[PDB]
Amino acid sequence: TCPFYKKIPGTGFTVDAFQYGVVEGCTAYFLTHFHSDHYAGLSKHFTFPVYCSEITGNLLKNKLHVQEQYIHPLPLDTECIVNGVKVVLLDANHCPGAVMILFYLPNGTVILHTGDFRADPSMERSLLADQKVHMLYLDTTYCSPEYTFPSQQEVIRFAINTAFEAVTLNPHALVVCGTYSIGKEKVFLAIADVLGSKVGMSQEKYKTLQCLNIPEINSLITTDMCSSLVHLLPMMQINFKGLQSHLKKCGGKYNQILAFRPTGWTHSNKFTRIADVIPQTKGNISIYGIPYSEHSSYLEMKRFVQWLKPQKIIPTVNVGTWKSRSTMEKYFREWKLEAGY
Ligand code: NI
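Residues numbered from 1 in each chain as written, not as in the entry; some residues may be left out. Heavy atoms only, no water. Residues with missing side-chain atoms left out of burial classes, pairs and counts.

Per the PDB record, the structure was determined using X-ray crystallography to 1.3900 Å resolution.

Rendered as structure tokens:
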């Protein structure tokens, strides 16, 4: 049964609610982004209207085989009427195709559902500038002050310089980047661009990347592994055993691996600056964990909320324990007292 924080009151709508069977009264199912916890339940047998971005729609059709007649893509930054209700989709700054949804309810209430997002000051100059929001359904993944991490630009600068140094010292080194979902593509694209290489990968991952509307993608990726010195591998293979096994398959072309594991936050963020990050090393294999986040830091989240000044906040992450719910409620009240709304 569908929980309350996935329903939009006063409408026939749900958000990211495909794992509950047929939801009573639902006339349109919104999907914020193509991550498995959110799409859980969709397939070729789904026969209700799905509303989403263009990119999410390409993934639903090609990867999950949802039939074309049930996929309803909407453009971004554009007022659209769905089942008699005005909606807008906004870029969430999460993975490719990810959106926030603004709903203009028939009674005058305005609701923003962030989906998953990485708040940014640029959002203060979207269509959100123009009006009041009564209810915010908020991605609270990192809603605690211990959650700190650098900008995505700093993290990419670190990865490019690390890869470029290693391969210039040793032309026979291979770079490997872990993946398990869409998102974080800048990590492997930036490294391959500095090395003058295409990115090599499986047929299955190539298919996924071909759905993402990335400009000039045919120039950047390939399924011919032997032609490439940046390889993508499943995240589970990014360990000394998996990497050893991969280096055997390359036919004595390479004699060293440098690997990257993009994570979210880890507690080594509580002590170490990005610049000071060191790898784990066994023999001719080195593995870097890099804190490339596609969710708001505490401070980015707080800035956004204090600017938007919502009347009520409904968290969508960390909702399962009393201690988490209490902690989030305390911070929301501080933020409101501090800013005066
Ligand atoms: Ni996500």
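A.B. asks: Could you clarify how one ought to interpret the sheet that holds strand 5 (residues 71-73) in this entry?
C.D. replies: Strand pairing in a sheet takes place through backbone hydrogen bonds and is either antiparallel or parallel in direction. The five strands lie next to each other as 1-2-3-4-5, forming an open sheet whose pairing is mixed. A strand with exactly one partner marks an edge of an open sheet, and here the two such strands are strand 1 (7-8) and strand 5. Inspection of the sheet shows strand 3 (residues 28-30) paired to strand 4 (residues 50-52) by two bridges, in the parallel sense. Paired with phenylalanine 30 across the bridge in strand 4 is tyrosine 51. (Pairing = 2+ DSSP bridges. Helix = DSSP H or I, 4+ residues; strand = E, 2+ residues; numbered from the N terminus.)

A.B. asks: Quick question: what am I supposed to make of the coordination of the nickel ion here?
C.D. replies: When a metal holds four donors in a tetrahedron, each ideal angle between them is 109.5 degrees; when it holds six in an octahedron, the ideal angles are 90 or 180 degrees. Around the nickel ion, the donor atoms from the protein are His33 (NE2), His35 (ND1), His94 (NE2) and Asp116 (OD), and they sit 2.2 Å away. Bound by four donor atoms, the nickel ion shows angles of 90 to 172° at the metal and therefore irregular coordination geometry. In terms of primary sequence, the donors binding the nickel ion are separated according to H-x1-H-x58-H-x21-D. Of the two residues, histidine 35 is situated in the loop between strand 3 and helix 1 (36-39) and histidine 94 in the loop between strand 7 (85-91) and strand 8 (99-104); the sequence distance between them amounts to 59 residues. (Donors = N, O, S within 2.8 Å, 3.2 Å for Na, K, Ca; no water. Tetrahedral: all angles 85-135°; square planar, octahedral: opposite > 155°, others 65-115°.)

A.B. asks: What am I meant to see in the pattern of salt bridges here?
C.D. replies: As a working rule, side chains carrying opposite charge can pair if their charged atoms are close by. By the definition in use, this model includes five salt bridges. Residue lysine 86 is joined to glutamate 79 by a salt bridge in which the shortest nitrogen-to-oxygen separation is 3.2 Å. Residue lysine 86 is classed as partly exposed on the basis of its relative accessible area, which comes to 29%. (Salt bridge = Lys/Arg side-chain N within 4 Å of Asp/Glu carboxyl O. Buried < 20%, exposed > 50% of the residue type's maximum accessible area, 1.4 Å probe, protein only.)

A.B. asks: Would you mind showing me how to read the domain arrangement of the protein here?
C.D. replies: By convention, interface size is frequently given as the accessible area that disappears when the constituent parts associate. Domain annotation for the protein reports domain 1 (1-147 + 296-341) and domain 2 (148-295). A C-alpha centroid distance of 30 Å is found between domain 1 and domain 2. Facing the 25 residues of domain 1 at the interface are 20 residues of domain 2. A per-element tally of the side of domain 1 that touches domain 2 places helix 2 (residues 54-62) first, with five residues. Within the side of domain 1 that touches domain 2, the residues separate by chemical class into nine nonpolar, nine polar and seven charged. (Domains from an automatic or database assignment. Contact = heavy atoms within 4.5 Å. Nonpolar A, V, L, I, M, F, W, Y, C, P; charged D, E, K, R; others polar.)

A.B. asks: What should I look at first to understand the sheet that holds strand 13 (residues 221-222) in this one?
C.D. replies: The mixed open sheet is built from seven strands, whose spatial order is 13-12-14-11-15-17-16. For this open sheet the edge positions go to strand 13 and strand 16 (280-282), each flanked by a neighbour on one side alone. Relative to strand 14 (residues 230-234), strand 12 (residues 199-200) runs parallel, the two being bridged by two bridges. When the bridges of strand 14 are listed, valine 199 appears paired with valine 230. In the packing of helix 3 (residues 152-169) onto the sheet, contacts are made with strand 11 (173-179), strand 15 (256-263) and strand 17 (285-291), and the angle to strand 17 comes to roughly 165°. (Axes fitted to C-alpha atoms, helices over the stretch in contact; angles between N-to-C directions.)

A.B. asks: Looking at this structure, I do not really get the packing of helix 3 against helix 4 (residues 185-194). What am I missing?
C.D. replies: The packing of two helices is summarised by the inter-axis angle and the distance between the axes. Running from N to C, helix 3 and helix 4 cross one another at 40°; their axes reach a closest spacing of 9 Å. Taken together, the axes of helix 3 and helix 4 are oblique relative to one another. Of the two possible hands of crossing, helix 3 and helix 4 adopt the one that is right-handed. Where helix 3 abuts helix 4, its residues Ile156, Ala159, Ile160, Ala163 and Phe164 lie against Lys186, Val187, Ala190, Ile191 and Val194. Partitioning the contact of helix 3 with helix 4 into residue classes produces nine nonpolar, no polar and one charged. (Parallel < 35°, antiparallel > 145°, perpendicular 65-115°, else oblique. Left-handed = near helix turned anticlockwise from the far one by under 90°.)

A.B. asks: What is the right way to look at helix 2 in this model?
C.D. replies: Each α-helix winds once per 3.6 residues, and so residues spaced three or four apart point in a common direction. Looking only at helix 2, the buried set comprises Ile55, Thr56, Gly57, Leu59 and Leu60. Buried-residue contacts for helix 2 involve strand 4, strand 5 and helix 5 (203-210).

A.B. asks: Would you mind going over unusual backbone geometry with me for this structure?
C.D. replies: Both trends apply: most residues other than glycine have a negative phi, and most peptide bonds are in trans. Of note in the backbone geometry, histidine 65 takes a positive phi value of approximately 55° without being a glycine. Within the secondary structure, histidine 65 sits in the loop between helix 2 and strand 5. Residues other than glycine seldom take positive phi values, yet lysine 309 does so here, at roughly 55°. Considering the arrangement of structural elements, one finds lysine 309 in the loop between helix 7 (298-308) and strand 18 (312-315). Residue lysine 309 is classed as partly exposed on the basis of its relative accessible area, which comes to 40%.

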